[PDB]
>>> print(open('protein_26.cif').read())   # mmCIF, C-alpha atoms
data_entry
loop_
_atom_site.label_atom_id
_atom_site.label_comp_id
_atom_site.auth_asym_id
_atom_site.auth_seq_id
_atom_site.Cartn_x
_atom_site.Cartn_y
_atom_site.Cartn_z
CA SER A 1 0.00 0.00 0.00
CA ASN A 2 2.98 2.22 -0.52
CA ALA A 3 1.76 1.17 -3.97
CA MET A 4 -1.60 2.88 -3.41
CA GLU A 5 0.08 5.96 -1.93
CA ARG A 6 2.67 6.07 -4.74
CA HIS A 7 -0.26 6.21 -7.12
CA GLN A 8 -2.01 9.05 -5.28
CA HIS A 9 1.15 11.06 -5.12
CA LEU A 10 1.81 10.62 -8.82
CA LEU A 11 -1.76 11.38 -9.85
CA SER A 12 -1.76 14.29 -7.43
CA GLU A 13 1.40 15.61 -9.01
CA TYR A 14 -0.08 15.64 -12.50
CA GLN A 15 -3.40 16.99 -11.31
CA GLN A 16 -1.57 19.98 -9.83
CA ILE A 17 0.33 20.58 -13.04
CA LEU A 18 -2.60 20.23 -15.41
CA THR A 19 -4.40 22.59 -13.12
CA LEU A 20 -1.69 25.25 -13.34
CA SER A 21 -1.52 24.62 -17.06
CA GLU A 22 -5.27 25.32 -17.45
CA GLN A 23 -5.35 28.53 -15.39
CA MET A 24 -2.30 29.74 -17.32
CA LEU A 25 -3.86 28.82 -20.63
CA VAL A 26 -6.86 31.03 -19.86
CA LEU A 27 -4.91 33.92 -18.30
CA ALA A 28 -2.91 33.96 -21.54
CA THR A 29 -6.06 33.42 -23.60
CA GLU A 30 -7.23 36.77 -22.21
CA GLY A 31 -3.77 38.26 -22.63
CA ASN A 32 -3.13 38.80 -18.93
CA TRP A 33 0.60 38.13 -19.28
CA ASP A 34 0.86 39.51 -15.75
CA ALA A 35 -1.10 37.03 -13.60
CA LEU A 36 1.06 34.59 -15.53
CA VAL A 37 4.57 35.18 -14.25
CA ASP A 38 3.57 34.21 -10.72
CA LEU A 39 1.77 31.00 -11.72
CA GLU A 40 5.02 30.23 -13.51
CA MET A 41 7.14 29.63 -10.43
CA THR A 42 4.49 27.37 -8.94
CA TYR A 43 4.25 25.48 -12.23
CA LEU A 44 7.97 24.90 -12.57
CA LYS A 45 8.22 23.66 -9.03
CA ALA A 46 5.33 21.21 -9.45
CA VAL A 47 7.23 19.99 -12.50
CA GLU A 48 10.40 19.82 -10.42
CA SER A 49 8.54 17.87 -7.76
CA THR A 50 7.11 15.39 -10.26
CA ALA A 51 10.40 14.89 -12.04
CA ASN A 52 11.98 14.10 -8.67
CA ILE A 53 9.65 11.11 -8.33
CA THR A 54 11.64 9.19 -10.93
CA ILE A 55 15.04 10.46 -9.92
CA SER A 56 14.74 9.67 -6.24
CA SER A 57 13.45 6.22 -7.29
CA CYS A 58 16.70 5.46 -9.09
CA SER A 59 19.01 2.89 -7.53
CA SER A 60 22.24 4.53 -8.75
CA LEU A 61 23.70 6.96 -6.23
CA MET A 62 26.05 8.85 -8.53
CA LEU A 63 23.31 9.14 -11.11
CA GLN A 64 20.68 10.68 -8.78
CA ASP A 65 23.19 13.47 -8.12
CA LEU A 66 23.88 14.15 -11.76
CA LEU A 67 20.20 14.40 -12.70
CA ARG A 68 19.20 16.69 -9.88
CA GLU A 69 22.06 18.88 -11.09
CA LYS A 70 20.71 18.65 -14.62
CA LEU A 71 17.08 19.17 -13.60
CA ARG A 72 17.97 22.25 -11.59
CA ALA A 73 19.86 23.59 -14.61
CA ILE A 74 16.97 22.86 -16.96
CA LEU A 75 14.56 24.72 -14.69
CA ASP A 76 16.86 27.70 -14.18
CA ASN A 77 17.33 28.00 -17.96
CA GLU A 78 13.57 27.90 -18.54
CA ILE A 79 13.44 30.60 -15.88
CA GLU A 80 16.12 32.79 -17.41
CA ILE A 81 14.67 32.22 -20.84
CA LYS A 82 11.18 33.14 -19.71
CA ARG A 83 12.56 36.20 -17.96
CA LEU A 84 14.22 37.07 -21.27
CA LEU A 85 11.03 36.87 -23.33
CA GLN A 86 9.32 38.84 -20.60
CA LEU A 87 12.17 41.31 -21.08
CA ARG A 88 11.53 41.79 -24.80
CA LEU A 89 7.76 41.65 -24.40
CA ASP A 90 7.89 44.58 -21.98
CA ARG A 91 10.27 46.34 -24.34
CA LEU A 92 8.00 46.10 -27.40
CA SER A 93 5.07 46.87 -25.12
CA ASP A 94 6.49 50.12 -23.75
CA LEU A 95 7.12 51.28 -27.30
CA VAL A 96 3.62 50.76 -28.65
CA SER B 1 19.75 -5.89 -18.30
CA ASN B 2 16.83 -3.49 -17.83
CA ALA B 3 18.46 -1.54 -14.94
CA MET B 4 21.52 -0.69 -17.05
CA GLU B 5 19.18 -0.03 -19.97
CA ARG B 6 16.97 2.17 -17.77
CA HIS B 7 19.89 4.18 -16.42
CA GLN B 8 21.35 4.74 -19.87
CA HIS B 9 17.98 5.94 -21.16
CA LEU B 10 17.10 8.25 -18.28
CA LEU B 11 20.49 9.92 -18.48
CA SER B 12 20.16 10.20 -22.23
CA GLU B 13 16.78 11.88 -21.88
CA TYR B 14 18.07 14.47 -19.39
CA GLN B 15 21.11 15.21 -21.48
CA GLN B 16 18.78 15.81 -24.48
CA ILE B 17 16.53 18.23 -22.63
CA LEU B 18 19.40 20.05 -20.96
CA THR B 19 21.21 20.25 -24.30
CA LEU B 20 18.15 21.76 -25.96
CA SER B 21 17.67 23.86 -22.84
CA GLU B 22 21.23 25.20 -23.20
CA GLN B 23 21.01 25.68 -26.96
CA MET B 24 17.81 27.73 -26.39
CA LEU B 25 19.16 30.01 -23.64
CA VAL B 26 21.99 31.30 -25.83
CA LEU B 27 19.55 32.02 -28.64
CA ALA B 28 17.42 33.88 -26.10
CA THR B 29 20.41 35.65 -24.54
CA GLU B 30 21.48 36.57 -28.07
CA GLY B 31 17.98 37.74 -29.04
CA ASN B 32 17.76 35.31 -31.96
CA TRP B 33 14.15 34.53 -31.08
CA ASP B 34 12.74 32.98 -34.27
CA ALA B 35 15.62 30.51 -34.09
CA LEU B 36 14.61 29.83 -30.48
CA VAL B 37 11.02 29.17 -31.55
CA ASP B 38 12.35 26.35 -33.69
CA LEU B 39 13.83 24.17 -30.94
CA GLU B 40 10.78 24.49 -28.70
CA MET B 41 8.91 21.69 -30.43
CA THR B 42 11.93 19.39 -30.19
CA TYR B 43 12.53 20.36 -26.56
CA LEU B 44 8.90 19.66 -25.77
CA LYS B 45 9.36 16.20 -27.33
CA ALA B 46 12.35 15.38 -25.15
CA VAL B 47 10.37 16.43 -22.08
CA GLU B 48 7.49 14.18 -23.15
CA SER B 49 9.84 11.24 -23.61
CA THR B 50 11.23 11.85 -20.14
CA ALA B 51 7.78 12.15 -18.55
CA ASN B 52 6.62 8.88 -20.09
CA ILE B 53 9.29 7.18 -18.07
CA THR B 54 7.58 8.11 -14.80
CA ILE B 55 4.23 7.03 -16.20
CA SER B 56 5.68 3.70 -17.32
CA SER B 57 7.14 3.09 -13.88
CA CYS B 58 3.54 3.12 -12.69
CA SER B 59 2.09 -0.40 -12.34
CA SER B 60 -1.56 0.66 -12.73
CA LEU B 61 -2.21 0.58 -16.46
CA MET B 62 -5.49 2.36 -15.94
CA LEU B 63 -3.57 5.07 -14.09
CA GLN B 64 -1.05 5.14 -16.94
CA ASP B 65 -3.96 5.87 -19.26
CA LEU B 66 -5.05 8.81 -17.14
CA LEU B 67 -1.58 10.33 -16.80
CA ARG B 68 -0.86 9.99 -20.50
CA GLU B 69 -4.01 12.01 -21.20
CA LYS B 70 -3.00 14.70 -18.71
CA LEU B 71 0.50 14.60 -20.15
CA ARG B 72 -0.81 15.33 -23.64
CA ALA B 73 -3.09 18.09 -22.32
CA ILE B 74 -0.29 19.74 -20.41
CA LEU B 75 1.93 19.83 -23.44
CA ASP B 76 -0.89 21.01 -25.67
CA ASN B 77 -1.57 23.92 -23.33
CA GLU B 78 2.16 24.64 -23.29
CA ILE B 79 2.26 24.77 -27.08
CA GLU B 80 -0.85 26.94 -27.09
CA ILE B 81 0.60 29.45 -24.64
CA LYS B 82 3.95 29.73 -26.41
CA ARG B 83 2.04 30.58 -29.60
CA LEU B 84 -0.37 33.01 -27.95
CA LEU B 85 2.88 34.76 -27.13
CA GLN B 86 4.73 34.71 -30.44
CA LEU B 87 1.55 36.47 -31.57
CA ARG B 88 1.51 39.19 -28.90
CA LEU B 89 5.21 39.60 -29.60
CA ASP B 90 4.34 40.44 -33.18
CA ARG B 91 1.15 42.39 -32.53
CA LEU B 92 3.81 44.50 -30.90
CA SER B 93 6.68 43.75 -33.27
CA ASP B 94 5.05 45.08 -36.47
CA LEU B 95 2.80 47.59 -34.72
CA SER C 1 8.38 2.30 -7.44
CA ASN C 2 12.02 1.56 -6.64
CA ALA C 3 14.08 -1.68 -6.70
CA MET C 4 13.01 -3.13 -3.36
CA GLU C 5 9.38 -2.27 -4.15
CA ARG C 6 9.47 -3.96 -7.58
CA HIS C 7 11.05 -7.12 -6.13
CA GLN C 8 8.50 -7.48 -3.34
CA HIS C 9 5.67 -7.05 -5.85
CA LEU C 10 7.16 -9.48 -8.33
CA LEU C 11 7.83 -12.15 -5.74
CA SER C 12 4.53 -11.46 -4.09
CA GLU C 13 2.69 -11.99 -7.42
CA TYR C 14 4.27 -15.41 -7.89
CA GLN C 15 3.45 -16.34 -4.31
CA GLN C 16 -0.21 -15.61 -5.04
CA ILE C 17 -0.21 -17.73 -8.18
CA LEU C 18 1.72 -20.66 -6.76
CA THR C 19 -0.38 -20.64 -3.65
CA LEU C 20 -3.55 -20.81 -5.76
CA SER C 21 -2.06 -23.42 -8.07
CA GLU C 22 -1.42 -25.52 -4.94
CA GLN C 23 -4.95 -25.18 -3.50
CA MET C 24 -6.49 -26.18 -6.81
CA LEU C 25 -4.10 -29.09 -7.39
CA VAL C 26 -5.25 -30.43 -4.02
CA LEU C 27 -8.92 -30.12 -4.89
CA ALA C 28 -8.04 -31.89 -8.14
CA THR C 29 -6.34 -34.86 -6.50
CA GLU C 30 -9.65 -35.57 -4.79
CA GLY C 31 -12.93 -34.53 -6.37
CA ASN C 32 -13.90 -31.00 -5.32
CA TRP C 33 -13.80 -30.47 -9.06
CA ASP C 34 -16.28 -27.62 -8.80
CA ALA C 35 -14.60 -26.14 -5.74
CA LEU C 36 -11.81 -25.81 -8.26
CA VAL C 37 -13.85 -23.61 -10.56
CA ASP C 38 -14.15 -20.99 -7.84
CA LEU C 39 -10.45 -20.53 -7.41
CA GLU C 40 -10.11 -20.46 -11.20
CA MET C 41 -11.17 -16.82 -11.71
CA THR C 42 -9.02 -15.66 -8.79
CA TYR C 43 -6.14 -17.68 -10.19
CA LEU C 44 -6.62 -16.04 -13.54
CA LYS C 45 -6.63 -12.56 -12.08
CA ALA C 46 -3.39 -13.15 -10.21
CA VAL C 47 -1.99 -14.30 -13.54
CA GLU C 48 -3.26 -11.12 -15.21
CA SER C 49 -1.58 -8.98 -12.56
CA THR C 50 1.72 -10.78 -13.12
CA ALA C 51 1.56 -10.53 -16.88
CA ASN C 52 0.88 -6.82 -16.44
CA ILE C 53 4.18 -6.27 -14.71
CA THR C 54 6.00 -6.62 -18.04
CA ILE C 55 3.26 -4.88 -20.00
CA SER C 56 2.99 -1.72 -17.88
CA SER C 57 6.77 -1.23 -17.94
CA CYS C 58 6.93 -1.26 -21.76
CA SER C 59 8.39 1.76 -23.67
CA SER C 60 6.26 1.51 -26.79
CA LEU C 61 2.84 2.88 -26.07
CA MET C 62 1.66 1.36 -29.34
CA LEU C 63 2.86 -2.04 -28.14
CA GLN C 64 1.59 -1.62 -24.56
CA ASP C 65 -1.79 -0.87 -26.06
CA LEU C 66 -1.78 -4.04 -28.08
CA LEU C 67 -0.35 -6.41 -25.52
CA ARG C 68 -3.17 -5.49 -23.14
CA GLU C 69 -5.62 -6.30 -25.94
CA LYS C 70 -4.01 -9.71 -26.49
CA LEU C 71 -3.81 -10.51 -22.76
CA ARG C 72 -7.53 -9.89 -22.29
CA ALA C 73 -8.26 -12.11 -25.29
CA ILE C 74 -6.03 -14.85 -23.95
CA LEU C 75 -7.74 -14.70 -20.59
CA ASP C 76 -11.29 -14.55 -22.00
CA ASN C 77 -10.42 -17.57 -24.14
CA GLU C 78 -8.97 -19.53 -21.19
CA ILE C 79 -12.19 -18.69 -19.36
CA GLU C 80 -14.35 -19.86 -22.29
CA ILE C 81 -12.54 -23.12 -22.85
CA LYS C 82 -12.66 -24.02 -19.15
CA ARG C 83 -16.41 -23.37 -19.25
CA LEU C 84 -16.81 -25.52 -22.35
CA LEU C 85 -15.00 -28.32 -20.55
CA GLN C 86 -16.92 -27.84 -17.33
CA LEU C 87 -20.05 -27.98 -19.48
CA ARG C 88 -18.81 -31.14 -21.26
CA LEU C 89 -18.13 -32.72 -17.87
CA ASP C 90 -21.29 -31.35 -16.26
CA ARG C 91 -23.06 -32.82 -19.30
CA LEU C 92 -21.37 -36.24 -19.65
CA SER C 93 -21.86 -36.78 -15.90
CA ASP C 94 -25.55 -36.02 -15.40
CA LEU C 95 -26.07 -38.17 -18.51
CA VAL C 96 -24.69 -41.36 -17.00
CA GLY C 97 -25.64 -40.83 -13.36
CA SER D 1 18.49 -1.45 -31.06
CA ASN D 2 17.92 -3.36 -27.82
CA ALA D 3 14.57 -1.67 -27.25
CA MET D 4 13.40 -2.66 -30.73
CA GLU D 5 14.59 -6.27 -30.32
CA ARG D 6 13.16 -6.58 -26.82
CA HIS D 7 9.84 -5.33 -28.26
CA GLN D 8 9.74 -7.86 -31.13
CA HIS D 9 10.44 -10.73 -28.82
CA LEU D 10 7.80 -9.64 -26.33
CA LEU D 11 5.31 -9.09 -29.13
CA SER D 12 6.17 -12.41 -30.76
CA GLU D 13 5.71 -14.26 -27.52
CA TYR D 14 2.20 -12.88 -26.94
CA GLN D 15 1.38 -13.44 -30.54
CA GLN D 16 2.47 -17.07 -30.12
CA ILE D 17 0.38 -17.48 -27.01
CA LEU D 18 -2.75 -15.89 -28.50
CA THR D 19 -2.52 -17.91 -31.69
CA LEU D 20 -2.32 -21.10 -29.65
CA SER D 21 -5.18 -19.90 -27.44
CA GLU D 22 -7.32 -19.22 -30.52
CA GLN D 23 -6.66 -22.61 -32.07
CA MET D 24 -7.48 -24.31 -28.78
CA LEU D 25 -10.71 -22.32 -28.37
CA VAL D 26 -12.28 -23.31 -31.69
CA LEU D 27 -11.17 -26.90 -31.13
CA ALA D 28 -12.99 -26.77 -27.80
CA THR D 29 -16.02 -25.13 -29.42
CA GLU D 30 -16.54 -27.96 -31.86
CA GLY D 31 -15.59 -30.55 -29.27
CA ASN D 32 -12.33 -32.07 -30.46
CA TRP D 33 -10.85 -32.68 -27.01
CA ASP D 34 -8.31 -34.92 -28.72
CA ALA D 35 -6.29 -32.28 -30.59
CA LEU D 36 -6.35 -30.33 -27.36
CA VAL D 37 -3.95 -31.98 -24.91
CA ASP D 38 -1.26 -31.69 -27.57
CA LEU D 39 -1.59 -27.97 -28.19
CA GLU D 40 -1.57 -27.58 -24.43
CA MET D 41 2.02 -28.55 -23.77
CA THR D 42 3.26 -26.20 -26.48
CA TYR D 43 1.11 -23.43 -25.09
CA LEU D 44 2.38 -23.80 -21.50
CA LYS D 45 5.84 -23.71 -23.02
CA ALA D 46 5.09 -20.41 -24.73
CA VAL D 47 3.69 -19.12 -21.43
CA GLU D 48 6.84 -20.23 -19.60
CA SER D 49 8.98 -18.50 -22.23
CA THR D 50 7.18 -15.18 -21.84
CA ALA D 51 7.12 -15.34 -18.06
CA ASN D 52 10.89 -15.71 -18.17
CA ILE D 53 11.09 -12.34 -19.87
CA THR D 54 10.14 -10.70 -16.61
CA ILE D 55 12.25 -13.01 -14.45
CA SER D 56 15.46 -12.63 -16.45
CA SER D 57 15.38 -8.80 -16.33
CA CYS D 58 15.25 -8.89 -12.55
CA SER D 59 18.43 -7.57 -10.87
CA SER D 60 18.38 -9.93 -7.87
CA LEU D 61 19.81 -13.31 -8.92
CA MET D 62 18.53 -14.99 -5.76
CA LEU D 63 15.11 -13.87 -6.81
CA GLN D 64 15.55 -15.10 -10.39
CA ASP D 65 16.11 -18.61 -9.06
CA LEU D 66 13.20 -18.61 -6.66
CA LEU D 67 10.87 -17.33 -9.36
CA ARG D 68 12.09 -19.93 -11.86
CA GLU D 69 11.45 -22.63 -9.24
CA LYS D 70 7.99 -21.18 -8.62
CA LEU D 71 7.38 -20.83 -12.35
CA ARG D 72 8.32 -24.45 -12.94
CA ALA D 73 6.22 -25.55 -9.99
CA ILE D 74 3.24 -23.58 -11.24
CA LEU D 75 3.45 -25.09 -14.72
CA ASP D 76 3.65 -28.65 -13.40
CA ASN D 77 0.69 -28.17 -11.12
CA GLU D 78 -1.24 -26.85 -14.13
CA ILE D 79 -0.17 -29.88 -16.14
CA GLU D 80 -0.96 -32.28 -13.30
CA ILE D 81 -4.29 -30.55 -12.73
CA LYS D 82 -5.09 -30.97 -16.41
CA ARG D 83 -3.67 -34.50 -16.67
CA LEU D 84 -5.91 -35.27 -13.69
CA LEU D 85 -8.87 -33.90 -15.58
CA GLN D 86 -8.55 -35.61 -18.94
CA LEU D 87 -8.42 -38.66 -16.74
CA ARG D 88 -11.79 -37.88 -15.18
CA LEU D 89 -13.38 -36.56 -18.40
CA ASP D 90 -12.35 -39.66 -20.32
CA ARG D 91 -13.37 -41.90 -17.43
CA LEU D 92 -16.90 -40.52 -17.80
CA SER D 93 -17.42 -40.46 -21.59
CA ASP D 94 -16.47 -44.15 -21.60
CA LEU D 95 -18.78 -45.64 -18.95
CA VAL D 96 -21.66 -44.40 -21.13
CA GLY D 97 -21.42 -45.52 -24.77
#
>>> encode(input="protein_26.cif", output="structure tokens")
Amino acid sequence: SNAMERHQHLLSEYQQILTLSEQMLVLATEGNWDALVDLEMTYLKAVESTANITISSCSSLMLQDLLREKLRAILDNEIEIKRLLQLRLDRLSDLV
Amino acid sequence: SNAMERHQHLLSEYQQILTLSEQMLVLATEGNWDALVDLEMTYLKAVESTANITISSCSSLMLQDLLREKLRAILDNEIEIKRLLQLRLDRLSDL
Amino acid sequence: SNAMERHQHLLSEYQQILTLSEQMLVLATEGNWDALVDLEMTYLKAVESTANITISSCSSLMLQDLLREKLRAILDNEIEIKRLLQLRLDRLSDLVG
Amino acid sequence: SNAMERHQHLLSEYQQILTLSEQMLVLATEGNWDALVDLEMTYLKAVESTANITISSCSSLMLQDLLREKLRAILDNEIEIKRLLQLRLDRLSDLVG
């Protein structure tokens, strides 16, 4: 019945992400690119938390390290990148 | 067997994403956006591949069916938002 | 799940099957031939849960799809034959006496 | 491509099992319980072969051996159960006519 719990966790993890996805989809649908940047951090960290399910479940010790390193880097790049777009968006915006 | 095979594949998948991730941040940093837009579909594919691993390590095949459907929806919404944006970036770009 | 968790499940699944196999084989060795039919469905479901171990872990979604389809057919067929033979027996027997 | 090969073999195995299950079914449906005991051995052998897929990919070698023992024991109980049943089925359909 760690089996049953492992299933609730996993389902829960995806439910939380699809949920953030949907609210973001509609905020963006209405063009509120503002209510969006805050949902972003919560979204990434749900994603981080779900990705960790598989990593922590890995039997290799060295490998678990390496992937958490890589996952952190992936997220921080998505962050920087998104900041960047936000940077140009605001630029163009100002101008018009 | 499968444990070696599983370790090789998980590493591979993270390297792919991170590589695309890194390729895309320099394009962003360098303002070459349209070139950035190009990788996003590939990047989103690597992420899907990686996610499917978690889903496959779930013994409830009915639950796998559910998560695959939420996986597809999540990505879909992702694609839809990134495009909503390219548009607002141009509604501004040209105008 | 992790390594320990997969091993317990795998071993556990085989314990279920073998333990059912044993109960039935003992009914068999001495009448209780209908008492056997009861265990049969439970036996078959333990077998389905074991087969599924390999299926659910499969990369190819296309293949995972199709293996599940074939496993349910295999099981439904095993169920239908065993009925047919129970029926044959059931029949042959009442016939005589 | 290990994945590809692994997938063919797994597919092939289930294909082999289902084919054998389908041939047995129709034989049962038209009541040719003769041609049946034969197909059965080959079918249990295909089952064995596919069950070993899961066993062999298991990291614990101690576990591989236990499972193989249990697998073999399961298959022999199934055979014995069935051998014990032809015996009774044939014993009936003779007494009559």
>>> residues_around(input="protein_26.cif", residues="residue 22 in chain A", least_positions_apart="6", cutoff="12 Å", atoms="only C-alpha atoms", output="mmCIF file with C-alpha atoms, in the frame of the given file")
data_model
loop_
_atom_site.group_PDB
_atom_site.id
_atom_site.type_symbol
_atom_site.label_atom_id
_atom_site.label_comp_id
_atom_site.auth_asym_id
_atom_site.auth_seq_id
_atom_site.Cartn_x
_atom_site.Cartn_y
_atom_site.Cartn_z
ATOM 1 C CA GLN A 15 -3.400 16.990 -11.310
ATOM 2 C CA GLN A 16 -1.570 19.980 -9.830
ATOM 3 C CA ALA A 28 -2.910 33.960 -21.540
ATOM 4 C CA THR A 29 -6.060 33.420 -23.600
ATOM 5 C CA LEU A 36 1.060 34.590 -15.530
ATOM 6 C CA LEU A 39 1.770 31.000 -11.720
ATOM 7 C CA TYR A 43 4.250 25.480 -12.230
ATOM 8 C CA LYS B 70 -3.000 14.700 -18.710
ATOM 9 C CA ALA B 73 -3.090 18.090 -22.320
ATOM 10 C CA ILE B 74 -0.290 19.740 -20.410
ATOM 11 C CA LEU B 75 1.930 19.830 -23.440
ATOM 12 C CA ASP B 76 -0.890 21.010 -25.670
ATOM 13 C CA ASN B 77 -1.570 23.920 -23.330
ATOM 14 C CA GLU B 78 2.160 24.640 -23.290
ATOM 15 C CA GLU B 80 -0.850 26.940 -27.090
ATOM 16 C CA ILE B 81 0.600 29.450 -24.640
#
>>> calpha_fit_and_write(input="protein_26.cif", fixed="chain D", moving="chain C", output="CSV table (one decimal) with C-alpha atoms, keeping the file's coordinate frame")
chain,number,residue,atom,x,y,z
C,1,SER,CA,19.3,-6.9,-26.8
C,2,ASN,CA,18.2,-3.3,-27.5
C,3,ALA,CA,14.8,-1.6,-27.5
C,4,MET,CA,13.6,-2.7,-30.9
C,5,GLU,CA,14.7,-6.2,-30.2
C,6,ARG,CA,13.0,-6.4,-26.9
C,7,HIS,CA,9.7,-5.1,-28.3
C,8,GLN,CA,9.7,-7.6,-31.2
C,9,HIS,CA,10.3,-10.4,-28.8
C,10,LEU,CA,7.7,-9.3,-26.4
C,11,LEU,CA,5.0,-8.8,-29.0
C,12,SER,CA,6.1,-11.9,-30.8
C,13,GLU,CA,5.6,-13.9,-27.5
C,14,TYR,CA,2.0,-12.7,-27.1
C,15,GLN,CA,1.3,-13.4,-30.8
C,16,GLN,CA,2.4,-17.1,-30.1
C,17,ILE,CA,0.2,-17.4,-27.1
C,18,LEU,CA,-2.9,-15.7,-28.5
C,19,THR,CA,-2.6,-17.6,-31.7
C,20,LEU,CA,-2.5,-20.9,-29.7
C,21,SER,CA,-5.3,-19.8,-27.4
C,22,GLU,CA,-7.4,-19.2,-30.6
C,23,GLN,CA,-6.7,-22.6,-32.2
C,24,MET,CA,-7.6,-24.4,-29.0
C,25,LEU,CA,-10.8,-22.3,-28.4
C,26,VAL,CA,-11.9,-23.4,-31.8
C,27,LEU,CA,-11.2,-27.1,-31.1
C,28,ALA,CA,-13.2,-26.5,-27.9
C,29,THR,CA,-16.3,-25.0,-29.5
C,30,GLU,CA,-16.6,-28.3,-31.4
C,31,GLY,CA,-15.3,-31.5,-29.9
C,32,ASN,CA,-11.7,-32.1,-30.9
C,33,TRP,CA,-11.2,-32.1,-27.2
C,34,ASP,CA,-8.2,-34.3,-27.4
C,35,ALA,CA,-6.8,-32.4,-30.4
C,36,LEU,CA,-6.8,-29.7,-27.7
C,37,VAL,CA,-4.5,-31.6,-25.4
C,38,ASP,CA,-1.7,-31.5,-28.1
C,39,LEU,CA,-1.6,-27.8,-28.4
C,40,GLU,CA,-1.7,-27.6,-24.6
C,41,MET,CA,2.0,-28.4,-24.0
C,42,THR,CA,3.0,-26.0,-26.8
C,43,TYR,CA,0.7,-23.4,-25.3
C,44,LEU,CA,2.3,-23.8,-21.9
C,45,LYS,CA,5.8,-23.5,-23.3
C,46,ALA,CA,5.0,-20.2,-25.0
C,47,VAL,CA,3.6,-19.1,-21.7
C,48,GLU,CA,6.8,-20.1,-20.0
C,49,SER,CA,8.9,-18.1,-22.5
C,50,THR,CA,6.8,-15.0,-21.8
C,51,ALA,CA,6.9,-15.3,-18.1
C,52,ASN,CA,10.7,-15.6,-18.4
C,53,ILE,CA,11.0,-12.2,-20.0
C,54,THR,CA,10.3,-10.6,-16.6
C,55,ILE,CA,12.3,-13.2,-14.7
C,56,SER,CA,15.5,-13.1,-16.8
C,57,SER,CA,15.6,-9.3,-16.5
C,58,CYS,CA,15.5,-9.3,-12.7
C,59,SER,CA,18.3,-7.7,-10.6
C,60,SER,CA,18.2,-9.9,-7.6
C,61,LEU,CA,19.9,-13.2,-8.4
C,62,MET,CA,18.4,-14.6,-5.3
C,63,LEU,CA,14.9,-13.7,-6.5
C,64,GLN,CA,15.6,-14.8,-10.1
C,65,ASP,CA,16.6,-18.1,-8.8
C,66,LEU,CA,13.4,-18.5,-6.8
C,67,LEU,CA,11.0,-17.2,-9.4
C,68,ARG,CA,12.2,-19.8,-11.9
C,69,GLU,CA,11.6,-22.5,-9.2
C,70,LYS,CA,8.0,-21.2,-8.7
C,71,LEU,CA,7.3,-20.9,-12.4
C,72,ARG,CA,8.3,-24.5,-13.0
C,73,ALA,CA,6.0,-25.6,-10.1
C,74,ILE,CA,3.1,-23.6,-11.5
C,75,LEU,CA,3.5,-25.1,-14.9
C,76,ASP,CA,4.0,-28.7,-13.6
C,77,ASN,CA,0.8,-28.2,-11.6
C,78,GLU,CA,-1.2,-26.8,-14.5
C,79,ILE,CA,0.0,-29.9,-16.4
C,80,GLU,CA,-1.0,-32.3,-13.6
C,81,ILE,CA,-4.4,-30.8,-13.1
C,82,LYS,CA,-5.2,-30.8,-16.8
C,83,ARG,CA,-4.2,-34.5,-16.9
C,84,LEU,CA,-6.4,-35.2,-13.8
C,85,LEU,CA,-9.3,-33.6,-15.7
C,86,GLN,CA,-8.6,-35.4,-18.9
C,87,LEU,CA,-8.5,-38.6,-16.9
C,88,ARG,CA,-11.8,-37.7,-15.2
C,89,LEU,CA,-13.3,-37.0,-18.6
C,90,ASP,CA,-11.6,-40.0,-20.3
C,91,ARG,CA,-13.0,-42.0,-17.4
C,92,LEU,CA,-16.6,-40.7,-17.1
C,93,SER,CA,-16.9,-41.0,-20.8
C,94,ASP,CA,-15.8,-44.6,-21.5
C,95,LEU,CA,-18.0,-45.5,-18.5
C,96,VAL,CA,-21.3,-44.3,-20.0
C,97,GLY,CA,-20.5,-45.1,-23.7
>>> closest_atom_pairs(input="protein_26.cif", of="chain C", to="chain B", cutoff="12 Å", atoms="only C-alpha atoms", output="CSV")
residue,atom,partner,partner_atom,distance
C:1,CA,B:57,CA,6.6
C:2,CA,B:57,CA,8.9
C:3,CA,B:3,CA,9.3
C:5,CA,B:59,CA,11.1
C:6,CA,B:59,CA,9.5
C:9,CA,B:59,CA,10.0
C:10,CA,B:59,CA,11.1
C:48,CA,B:61,CA,11.8
C:49,CA,B:59,CA,9.3
C:50,CA,B:59,CA,10.4
C:51,CA,B:59,CA,11.1
C:52,CA,B:59,CA,7.7
C:53,CA,B:59,CA,6.7
C:54,CA,B:59,CA,9.3
C:55,CA,B:61,CA,8.5
C:56,CA,B:59,CA,5.8
C:57,CA,B:56,CA,5.1
C:58,CA,B:56,CA,6.8
C:59,CA,B:56,CA,7.2
C:60,CA,B:56,CA,9.7
C:61,CA,B:56,CA,9.2
C:64,CA,B:61,CA,9.2
C:65,CA,B:61,CA,9.7
C:67,CA,B:61,CA,11.6
C:68,CA,B:61,CA,9.1
>>> interface_residues(input="protein_26.cif", of="chain A", to="chain C", cutoff="10 Å", atoms="only C-alpha atoms", output="PyMOL selection string")
chain A and resi 2-3+6-7+53-59
>>> interface_residues(input="protein_26.cif", of="chain D", to="chain C", cutoff="8 Å", atoms="only C-alpha atoms", output="JSON, numbers by chain")
{"D": [3, 7, 11, 14, 15, 17, 18, 21, 22, 24, 25, 28, 29, 51, 53, 54, 58, 63, 67, 70, 71, 73, 74, 77, 78, 80, 81, 84, 85, 89, 92, 93, 95, 96]}
>>> atom_distance(input="protein_26.cif", atom1="CA of residue 24 in chain B", atom2="CA of residue 9 in chain B")
22.4 Å
>>> interface_residues(input="protein_26.cif", of="chain A", to="chain B", cutoff="8 Å", atoms="only C-alpha atoms", output="ChimeraX atom specification")
/A:7,11,14-15,17-18,21-22,24-25,28-29,51,53-54,63,67,70-71,73-74,77-78,80-81,84-85,89,92-93,96
